[PDB]
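Just the one chain here, laid out as structure tokens, in the form deposited without ligand ADP.
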């Protein structure tokens, strides 16, 4: 039947691009997928739809008075491989919870039966700069059971994974939401794959795939398309295909073991990222 998944991760590391490329490979693979973007910014579906900006449930809800009038064919658009797409949107900056649009989107897609009309996978593309309120909603309310975290060999990207992992632990007994693995969005750093393999193993999970940097990505993106649709013969298309296959066959769905800041700093030092703390040099620079 359908598997409800979610790709979580900090902003600015190529997450939405990795999600849409993984989803296109799934669709190329024969799977029927729906992406539910949850970033207030709404940039989780444009490569599937070759679009400027998809109209968000929130923008619309603010138009015909409320979300009761909203039509499903106006909210959900289909694109490459038949992948269905919806954007939650979000409130105006500073007004309430920035990630609440998800609750509005999920509740609407529910009433409209969207989740039963031929779907093998549902992927919520959620931000993880903070894990609270609307952002933690797909986990809290047991809306996505298979969580895959996008990260890179950088402090903040790693910190976010840890806190998201924390969020999963907190709702452990709450449902069947579990961590399926870390996806490394390479930032062309030395020993980056090793660094994430190191953290995933420390978390009690797996680095399900290391996504290399490759210009073909931007060449595909400038045309509002995924690498799978733009250049199927490319080396990078295979990478997304590999990820897709492992996600499809994934069996490792665990309750993570959140590390501590010191461990975090340990991996970073250990892998050529952070420098070992000199000591005579502190407190009284000169």
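Positions refer to the first chain, counted from 1.
The discussion below concerns the form deposited with ligand ADP bound, not included here.
Within 4.5 Å of ligand ADP in the deposited bound form, counting heavy atoms only, one of 210-218, 116-124, 167-175, 192-200 shows up; tell me which. Within 4.5 Å of the partner lies stretch 210-218.
Proximity of residue 13 to ligand ADP in the deposited bound form, heavy atoms at 4.5 Å: Within the cut-off, so yes.
Proximity of residue 43 to ligand ADP in the deposited bound form, heavy atoms at 4.5 Å: Taking the distances in the deposited bound form, the answer for residue 43 is yes, it comes within 4.5 Å of ligand ADP.
With the partner left out of view, is residue 56 within 4.5 angstroms of ligand ADP in the deposited bound form by any non-hydrogen atom? Answer no; every heavy atom of residue 56 is more than 4.5 Å from ligand ADP in the deposited bound form.
For the three residues 17, 185 and 240, which mark the spot I'm curious about, does each lie within 4.5 Å of ligand ADP in the deposited bound form through at least one heavy atom? Heavy-atom distance to ligand ADP in the deposited bound form: all three under 4.5 Å.
Residue by residue through 75-93, which ones have a non-hydrogen atom no more than 4.5 angstroms from ligand ADP in the deposited bound form? Contacting residues: none.
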